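[1] Enclosed are the sequence and the experimentally obtained structure.
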Amino acid sequence: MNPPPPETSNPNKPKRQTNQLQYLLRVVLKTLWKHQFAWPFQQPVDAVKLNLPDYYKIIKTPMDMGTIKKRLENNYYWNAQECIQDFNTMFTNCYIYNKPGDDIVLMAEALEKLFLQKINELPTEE
Ligand SMILES: Cc1cc(SCc2c(C)noc2C)ncn1
């Protein structure tokens, strides 16, 4: 079975709208989302349709860009580090689950290269 997805709404979590979080949406997420290799990462892993019955046995902190996009658009975060951590969790899960050198690993690596280039110029907090 699939687990419930990660949380994207929690009214008692305190929230901020900040220039670093705006950059994470307008620059980081949008750059990765439009990439030709984004599609596997645009929603939670569907272990049923993809026939991955061991995925959620191995991966206990699932994360994906559909979840991150919702978190950014719905102002779920307090700070940029929370969102950066979500991207890094997504990449790590892919590398942990998959056989080294598989297509999905090359896809994650291409997105991660762009992620790192954009994070390198995360603006100073205003
Ligand atoms: C090309 C492709 C797509 C997918 S989508 C499912 C997926 C993701 C995302 N991370 O690990 C797996 C497995 N899997 C393999 N190969």
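    Received the coordinates, thanks. Residues are numbered from 1 along each chain as shown.

[2] how about the residues of this protein near the ligand?
    Residues of the chain lying near the ligand by C-beta under 6 Å from any ligand atom: 40-41, 45, 50, 52, 94, 97-98, 103-104. Quick note: C-beta positions are derived from backbone N, CA and C, even for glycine.

[3] Most neighbours of all those residues, which one?
    Among the residues of the chain next to the ligand, residue 41 has the most neighbours (other C-beta atoms under 10 Å), with 25 neighbours.

[4] residues near the closest residue to that residue other than its chain neighbours, how many?
    Excluding its sequence neighbours, the residue lying closest to residue 41 (C-beta to C-beta, 6 or more residues apart in numbering) is residue 65, at 4.8 Å. Residues near residue 65, counting by other C-beta under 10 Å, number 22.

[5] wait, which of the residues of the chain next to the ligand is closest to residue 74?
    residue 41 (18.7 Å; C-beta to C-beta).

[6] from the chain's centre, how far out does stretch 32-48 sit?
    Distance of stretch 32-48 from the chain centroid (C-alpha atoms, centre = their mean, to the nearest Å) equals 9 Å.

[7] for it, how far is the first residue from the last?
    Using C-alpha to C-alpha, to the nearest Å, one end of stretch 32-48 lies 25 Å from the other.

[8] Sort out which residues of it are buried, please.
    For stretch 32-48, the neighbour count (16 or more other C-beta atoms under 10 Å) marks 32-33, 37-38, 40-41, 44-45, 47 as buried.

[9] same deal with stretch 81-95?
    For stretch 81-95, burial by neighbour count (16+ other C-beta under 10 Å) applies to 83-84, 86-87, 89-91, 93-94.

[10] Residues touching that stretch, excluding its own?
    Applying C-beta atoms under 8 Å, 6 or more residues apart in numbering, the contact partners of stretch 81-95 are 21, 24, 28, 41, 59, 61-65, 67-68, 71-72, 77, 104-105, 108, 111-112, 115, 119.

[11] Return the distance of it from the chain's centre.
    Centroid separation for stretch 81-95 versus its chain: 6 Å, with C-alpha atoms, centre = their mean.
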